[PDB]
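> Below is one structure. I have some questions about it.
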Amino acid sequence: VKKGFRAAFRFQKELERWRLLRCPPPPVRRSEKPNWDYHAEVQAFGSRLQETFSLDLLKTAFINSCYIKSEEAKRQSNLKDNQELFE
Amino acid sequence: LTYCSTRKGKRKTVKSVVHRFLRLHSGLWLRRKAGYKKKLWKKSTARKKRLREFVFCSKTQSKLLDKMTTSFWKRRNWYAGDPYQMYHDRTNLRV
Amino acid sequence: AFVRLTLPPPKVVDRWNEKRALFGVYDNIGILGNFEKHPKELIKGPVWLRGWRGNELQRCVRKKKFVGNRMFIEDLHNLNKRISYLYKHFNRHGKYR
Amino acid sequence: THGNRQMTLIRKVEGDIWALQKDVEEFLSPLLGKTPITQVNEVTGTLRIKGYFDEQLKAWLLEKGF
Amino acid sequence: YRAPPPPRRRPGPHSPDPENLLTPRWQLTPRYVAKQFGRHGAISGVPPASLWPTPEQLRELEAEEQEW
Amino acid sequence: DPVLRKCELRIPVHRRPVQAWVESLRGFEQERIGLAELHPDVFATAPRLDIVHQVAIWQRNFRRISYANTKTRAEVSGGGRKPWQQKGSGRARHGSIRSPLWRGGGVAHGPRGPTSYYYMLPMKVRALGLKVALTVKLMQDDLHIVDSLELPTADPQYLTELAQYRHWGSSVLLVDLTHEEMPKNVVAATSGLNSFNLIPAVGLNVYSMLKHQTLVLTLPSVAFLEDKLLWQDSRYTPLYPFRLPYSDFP
Amino acid sequence: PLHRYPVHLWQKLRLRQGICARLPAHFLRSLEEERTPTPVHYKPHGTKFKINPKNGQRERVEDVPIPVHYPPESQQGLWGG
Amino acid sequence: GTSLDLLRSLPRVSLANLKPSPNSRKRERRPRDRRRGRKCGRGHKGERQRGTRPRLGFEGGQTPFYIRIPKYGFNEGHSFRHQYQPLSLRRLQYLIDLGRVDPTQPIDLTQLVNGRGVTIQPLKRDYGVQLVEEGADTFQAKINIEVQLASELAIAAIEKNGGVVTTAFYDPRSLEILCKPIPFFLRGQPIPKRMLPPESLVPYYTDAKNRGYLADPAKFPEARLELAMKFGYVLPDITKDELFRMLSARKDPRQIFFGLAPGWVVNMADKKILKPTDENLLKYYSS
RNA sequence: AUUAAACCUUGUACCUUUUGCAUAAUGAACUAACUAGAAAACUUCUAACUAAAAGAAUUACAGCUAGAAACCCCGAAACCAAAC
Ligand SMILES: [Mg+2]
Ligand SMILES: [Mg+2]
Ligand SMILES: [Mg+2]
Ligand SMILES: [Mg+2]
Ligand SMILES: [Mg+2]
Ligand SMILES: [Mg+2]
Ligand SMILES: [Mg+2]
Ligand SMILES: [Mg+2]
Ligand SMILES: [Mg+2]
Numbered sequence: 031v032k033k034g035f036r037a038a039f040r041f042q043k044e045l046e047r048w049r050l051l052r053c054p055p056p057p058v059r060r061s062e063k064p065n066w067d068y069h070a071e072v073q074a075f076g077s078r079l080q081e082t083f084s085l086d087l088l089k090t091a092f093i094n095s096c097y098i099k100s101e102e103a104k105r106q107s118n119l120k121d122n123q124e125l126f127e
Numbered sequence: 094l095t096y097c098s099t100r101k102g103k104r105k106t107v108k109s110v111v112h113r114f115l116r117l118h119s120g121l122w123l124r125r126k127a128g129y130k131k132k133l134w135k136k137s138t139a140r141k142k143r144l145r146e147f148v149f150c151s152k153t154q155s156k157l158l159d160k161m162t163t164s165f166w167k168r169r170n171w172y173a174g175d176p177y178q179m180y181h182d183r184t185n186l187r188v
Numbered sequence: 032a033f034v035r036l037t038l039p040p041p042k043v044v045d046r047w048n049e050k051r052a053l054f055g056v057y058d059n060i061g062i063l064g065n066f067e068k069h070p071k072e073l074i075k076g077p078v079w080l081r082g083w084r085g086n087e088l089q090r091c092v093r094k095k096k097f098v099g100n101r102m103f104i105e106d107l108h109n110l111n112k113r114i115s116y117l118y119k120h121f122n123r124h125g126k127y128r
Numbered sequence: 101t102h103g104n105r106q107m108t109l110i111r112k113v114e115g116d117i118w119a120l121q122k123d124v125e126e127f128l129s130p131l132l133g134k135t136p137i138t139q140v141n142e143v144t145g146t147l148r149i150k151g152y153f154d155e156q157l158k159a160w161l162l163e164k165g166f
Numbered sequence: 025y026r027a028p029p030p031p032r033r034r035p036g037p038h039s040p041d042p043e044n045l046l047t048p049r050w051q052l053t054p055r056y057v058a059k060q061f062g063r064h065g066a067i068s069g070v071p072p073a074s075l076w077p078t079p080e081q082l083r084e085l086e087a088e089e090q091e092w
Numbered sequence: 045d046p047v048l049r050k051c052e053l054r055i056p057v058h059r060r061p062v063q064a065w066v067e068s069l070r071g072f073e074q075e076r077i078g079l080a081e082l083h084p085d086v087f088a089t090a091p092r093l094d095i096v097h098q099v100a101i102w103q104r105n106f107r108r109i110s111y112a113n114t115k116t117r118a119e120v121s122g123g124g125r126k127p128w129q130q131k132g133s134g135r136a137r138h139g140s141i142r143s144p145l146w147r148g149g150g151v152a153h154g155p156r157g158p159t160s161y162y163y164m165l166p167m168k169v170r171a172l173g174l175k176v177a178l179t180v181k182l183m184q185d186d187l188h189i190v191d192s193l194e195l196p197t198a199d200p201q202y203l204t205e206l207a208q209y210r211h212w213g214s215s216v217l218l219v220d221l222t223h224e225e226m227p228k229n230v231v232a233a234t235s236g237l238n239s240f241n242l243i244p245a246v247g248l249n250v251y252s253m254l255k256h257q258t259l260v261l262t263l264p265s266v267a268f269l270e271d272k273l274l275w276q277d278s279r280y281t282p283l284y285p286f287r288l289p290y291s292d293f294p
Numbered sequence: 002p003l004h005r006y007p008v009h010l011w012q013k014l015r016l017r018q019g020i021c022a023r024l025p026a027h028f029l030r031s032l033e034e035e036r037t038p039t040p041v042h043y044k045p046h047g048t049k050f051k052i053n054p055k056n057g058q059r060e061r062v063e064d065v066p067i068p069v070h071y072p073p074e075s076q077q078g079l080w081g082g
Numbered sequence: 009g010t011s012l013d014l015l016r017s018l019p020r021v022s023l024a025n026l027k028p029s030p031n032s033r034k035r036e037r038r039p040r041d042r043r044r045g046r047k048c049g050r051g052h053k054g055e056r057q058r059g060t061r062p063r064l065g066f067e068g069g070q071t072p073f074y075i076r077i078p079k080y081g082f083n084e085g086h087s088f089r090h091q092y093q094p095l096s097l098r099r100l101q102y103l104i105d106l107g108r109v110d111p112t113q114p115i116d117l118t119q120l121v122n123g124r125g126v127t128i129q130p131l132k133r134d135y136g137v138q139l140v141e142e143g144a145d146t147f148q149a150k151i152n153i154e155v156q157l158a159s160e161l162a163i164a165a166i167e168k169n170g171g172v173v174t175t176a177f178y179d180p181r182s183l184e185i186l187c188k189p190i191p192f193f194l195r196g197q198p199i200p201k202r203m204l205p206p207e208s209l210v211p212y213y214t215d216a217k218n219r220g221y222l223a224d225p226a227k228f229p230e231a232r233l234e235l236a237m238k239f240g241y242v243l244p245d246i247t248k249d250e251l252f253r254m255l256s257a258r259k260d261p262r263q264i265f266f267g268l269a270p271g272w273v274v275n276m277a278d279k280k281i282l283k284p285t286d287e288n289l290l291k292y293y294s295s
């Protein structure tokens with residue numbers, strides 16, 4: 031038994047790598063992971079393409095009908121769809 | 094020689110050097126000429142004169158003699174009536 | 032090579048315990064105290080190396096002088112053998128003459 | 101040092117060490133025929149000059165009245 | 025915390041125990057007794073007359089002086 | 045009634061003195077009660093951090109004795125005989141089962157015995173370091189001169205709150221002139237605190253000043269410190285140890 | 002570790018404890034005191050100082066006795082030292 | 009100055025910020041790497057790589073240089089030759105100017121030592137100080153000085169200004185006491201007597217021209233005048249001087265200190281002096 | 001390199017020792033752990049004080065005090081003392 035904790039700390043990182051390869055994790059949507067602000071992300075989307083958008087309209091586009099159903103089911107235990125814009 | 098002695102842990106002087114040379118405080122060493130008392134009857138008058146002199150030592154010989162003596166033999170001595178009083182220093186030396 | 036499979040238990044160090052808090056006090060006993068005591072007298076350790084330092088050969092010879100007559104037979108036999116080995120190394124061997 | 105490098109040192113200087121360097125260069129330059137080579141140590145507050153100029157500097161400092 | 029009292033040298037004359045086997049020998053000589061009076065004057069208790077040579081010692085001193 | 049103090053010793057003509065606020069601890073708000081002068085040669089020396097490095101390392105190293113040890117091939121049990129003969133066996137040549145190459149053998153170059161690290165810095169150099177450390181605390185606003193250490197109450201909590209009130213550091217070092225006469229109230233309050241330490245004036249050292257954030261000096265100690273340090277300047281070399289009688293020295 | 006006392010003092014310590022202590026005082030004194038025998042096999046120095054001939058300076062001198070072996074038969078007779 | 013202003017801005021000084029002076033420490037090199045490993049600087053196989061080259065001075069079998077030179081007595085008797093430290097008139101004038109010696113009172117070795125004017129090493133066979141003529145032309149002081157040895161020109165300079173110089177002898181034991189008197193008093197012993205010069209030095213100290221302390225006082229007046237004639241100055245008369253008593257003060261040839269006699273004990277603790285009352289003791293010390 | 005694992009092109013195992021040369025000759029089945037440069041006389045660098053330096057004993061015609069900087073491992077045939 032050698033003195034020191036730094037080698038033990040390093041090896042924990044490699045055990046993490048081995049576990050991931052053998053058992054890949056299920057996908058998750060970026061919203062769950064840290065460093066997320068919805069308002070800021072939307073604005074950068076428009077500026078990225080060198081096009082100007084109205085914030086109220088652009089946000090409505092992303093909302094989907096299936097999303098509304100899930101929220102209400104959770105709520106029991118307003119929004120507005122993008123159907124008009126899609127057509 | 095002895096670099097570290099058992100009883101005191103110091104360097105030791107080689108006493109055969111102390112019995113043959115003289116050290117001037119500047120760093121020069123003096124000696125005699127080998128054979129200056131041997132078979133004088135077969136030596137010319139000019140040869141005998143050269144033998145009687147006191148002579149200096151070279152740089153490499155001076156370096157070796159310094160290693161073989163300790164610091165006590167390198168100090169300043171103030172002897173009243175010293176006949177080497179004027180030879181302990183150097184003058185007008187650019188070097 | 033083989034490495035630990037778990038982290039060792041954590042080490043917790045108190046930096047304000049009595050020994051650490053008051054380290055250094057009275058190191059100026061002489062200059063601020065009229066020189067009645069020398070700072071070396073504040074040292075704790077073996078009798079033969081309080082306020083003194085030397086190489087290994089010097090340490091061996093000094094230890095014998097102070098406590099040589101109060102030593103066990105076998106310990107003294109080993110000390111004497113160490114001295115002679117160190118004597119021959121320091122006076123006969125090495126790169127520089 | 102080295103047995104052949106001769107220097108002179110002015111030691112206990114307070115204030116602006118750089119001003120003293122300028123004065124020494126002006127004072128000593130006419131004698132040498134060139135600007136003297138000097139080193140300034142800000143931490144220890146000393147000035148070092150190449151060559152022996154102790155007597156002239158001692159007299160020079162007395163005139164200024166230090 | 026509060027630091028302990030500063031270390032201090034012990035004051036006053038020192039008279040070692042003669043019987044004790046582990047008392048250093050140099051502390052038991054007449055020279056050591058003389059030193060106590062020199063440092064601490066009369067508080068030592070050393071009979072002042074003892075400092076000078078005794079008549080038997082005096083003869084030895086004089087005899088040596090003539091010889092050399 | 046302002047408390048005004050002047051340096052007993054002669055300040056050099058070319059140097060103006062330096063000053064600090066005198067304070068008292070009797071109340072939470074008695075921050076300023078006086079004005080004091082401090083000898084420039086003590087509290088306004090050049091900012092030399094290399095010297096501070098030397099004295100701090102000297103303090104830590106001159107006491108060190110290491111007790112690590114190992115056995116050589118001579119001191120390990122057994123090993124006298126030659127294991128097998130030089131020729132015929134077909135193994136490597138060997139002469140003892142306790143050489144460094146073998147398992148269970150001796151160590152070739154290991155630590156040997158108790159070893160000391162003792163050395164002494166020159167007395168003038170150690171004295172200079174104390175002046176530089178005192179200067180650093182003043183210029184960085186970590187020094188607080190006080191008239192006396194008297195306290196209203198012996199409750200430890202009172203002292204802690206006072207430090208918070210006056211923007212002191214988490215660790216405070218308190219200096220008093222002598223150990224024997226230190227006030228009773230202070231002793232009881234500090235004794236139960238890890239980070240607030242009380243020492244006599246003779247115990248002041250460079251290492252503790254670095255460890256503790258803020259320094260507190262009583263006025264009598266200021267005169268005490270000024271006297272000793274300035275003596276190191278303008279003195280002769282010793283003919284014999286200073287503890288022996290001298291014409292003008294205690 | 003170390004012994005509490007030096008080796009050469011062990012003999013005195015033994016006489017100071019046990020039934021040895023109960024012995025009468027002056028006989029313990031006889032054992033304790035050791036006086037050097039009169040010279041027999043070497044010449045003692047007459048003086049304490051002598052003039053070294055080579056350098057012509059005054060030097061201290063001492064008397065160092067020869068070691069002599071006494072066979073156990075000597076204890077049955079009267080040899081003159 | 010401006011430097012202390014910088015400290016105010018910078019972060020606190022602590023045990024985590026220390027740094028040594030640059031270039032104060034070199035790097036120590038170990039033999040691990042390829043540059044300093046492998047043969048490790050010792051060369052190819054031989055006596056020198058293994059570590060057993062011959063000793064210093066060995067020349068491979070021919071008779072060595074330091075042993076083929078004949079013996080000669082340059083250093084014979086060196087440990088028995090006497091040594092005198094030099095004190096020049098430049099140094100002496102410098103010391104009086106800065107106040108480190110008091111010219112009003114008599115000057116002896118104790119006063120010179122106490123002012124750091126001279127450093128005396130009795131264990132290295134120092135027997136005292138000799139006055140040296142260097143700086144004579146600018147000597148302008150009136151003093152009473154005692155030294156072990158003196159030169160012709162040095163005596164002239166002192167007296168031309170109206171001063172007294174004399175030569176006195178101290179033995180090795182007395183000299184040690186004279187230089188460091190206080191440690192002796194701490195011992196607790198009586199003050200010893202002063203021995204007379206060895207035989208070889210008796211002629212020197214009994215000769216008036218040398219200003220000896222055992223010479224006939226009647227012969228001094230003649231000798232002083234001849235210096236004045238030789239060196240072209242007028243012999244001043246000091247008896248008229250106000251400080252004749254100070255200039256004429258001289259100690260007994262068996263005394264070490266001015267106001268103390270052999271056989272006394274100095275009790276420094278309570279400021280007292282003890283004197284013996286025994287006839288045998290008093291006769292011994294007074295002889 | 002290639003769309004393509006192999007095919008096509010290029011290429012006289014490693015350490016030591018030898019004449020700076022090896023298809024010469026020593027050594028190595030493989031894995032893990034263990035296994036070999038150590039001292040301060042002189043010199044250079046960094047500071048304190050300076051005709052003086054050093055916390056007693058030492059050196060000094062700019063010196064003196066302190067710090068830092070260094071010199072391997074394994075292997076005989078033998079010789080002697082005392083037992084068995
Ligand atoms: Mg063995
Ligand atoms: Mg055997
Ligand atoms: Mg072997
Ligand atoms: Mg082991
Ligand atoms: Mg190394
Ligand atoms: Mg000297
Ligand atoms: Mg072969
Ligand atoms: Mg093979
Ligand atoms: Mg391995």
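Chains as they are written, first to last, in the deposited numbering: chain c, 31 to 107, 118 to 127; chain 3, 94 to 188; chain i, 32 to 128; chain g, 101 to 166; chain q, 25 to 92; chain F, 45 to 294; chain X, 2 to 82; chain M, 9 to 295. C-beta: ideal position from N, C-alpha, C; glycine also.
(1) Under 7 Å Cβ-Cβ, which residues of chain q neighbour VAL44 (chain i)?
(2) Measuring straight from C-alpha to C-alpha, what distance separates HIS38 (chain q) and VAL273 (chain M)?
(3) Have a look at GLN74 (chain F) and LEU73 (chain i) and give me their C-alpha separation to the nearest angstrom.
(4) Taking any Cβ of chain g, which residues in the region 83-105 of chain F have a Cβ under 8 Å from it, in chain order?
(5) Note down, one range per segment and in chain order, each alpha helix (DSSP H) of at least 4 residues found wholly within the region 175-200 of chain M.
(6) Please list the partners that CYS97 (chain 3) has in chain i, where partner means a Cβ-to-Cβ separation under 9 Å.
(7) Exposed or buried, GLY81 (chain X), counting other C-beta atoms within 10 Å across all chains shown (16 or more means buried)?
(8) Can you give the Cα-Cα distance for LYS259 (chain M) and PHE265 (chain M), rounded to whole angstroms?
(9) List the endpoints of the continuous alpha helix (DSSP H) containing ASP41 (chain M).
(10) Which stretch, first to last residue, makes up the beta strand (DSSP E) that contains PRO244 (chain F)?
(11) With distances taken Cα to Cα, identify the nearest neighbour of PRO111 (chain M) among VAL172 (chain M), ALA277 (chain M), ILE185 (chain M), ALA144 (chain M).
(12) For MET107 (chain g), which three-state DSSP category applies?
(13) Could you tell me whether the region 197-204 of chain M touches the region 242-262 of chain M, where touching means 3 or more Cβ pairs closer than 8 Å?
(14) Which of the three DSSP states, helix, strand or coil, is assigned to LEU121 (chain 3)?
(15) List, in chain order, every chain X residue whose beta-carbon is nearer than 7 Å to that of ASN109 (chain i).
(16) I believe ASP134 (chain M) touches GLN93 (chain M) by the beta-carbon criterion, under 8 Å. Please report the beta-carbon distance rounded to the nearest angstrom.
Quick answer:
(1) Those do not exist, as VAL44 (chain i) stays about 18 Å from chain q at its closest Cβ, beyond 7 Å.
(2) 21 Å
(3) Cα-Cα distance, rounded: 40 Å.
(4) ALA90, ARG92, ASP94
(5) 180-187, 189-195
(6) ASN86, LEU88, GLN89, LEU117, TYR118, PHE121, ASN122
(7) exposed
(8) Straight-line Cα distance between these residues: approximately 8 Å.
(9) No alpha helix (DSSP H) contains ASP41 (chain M), which DSSP labels as neither H nor E.
(10) First-last of the beta strand (DSSP E) with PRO244 (chain F): 240-244.
(11) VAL172 (chain M)
(12) strand
(13) Because the criterion of three Cβ pairs below 8 Å is met, the region 197-204 of chain M and the region 242-262 of chain M touch.
(14) Annotated three-state conformation of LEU121 (chain 3) is coil, per DSSP.
(15) Simply none; closest approach about 14 Å.
(16) 6 Å
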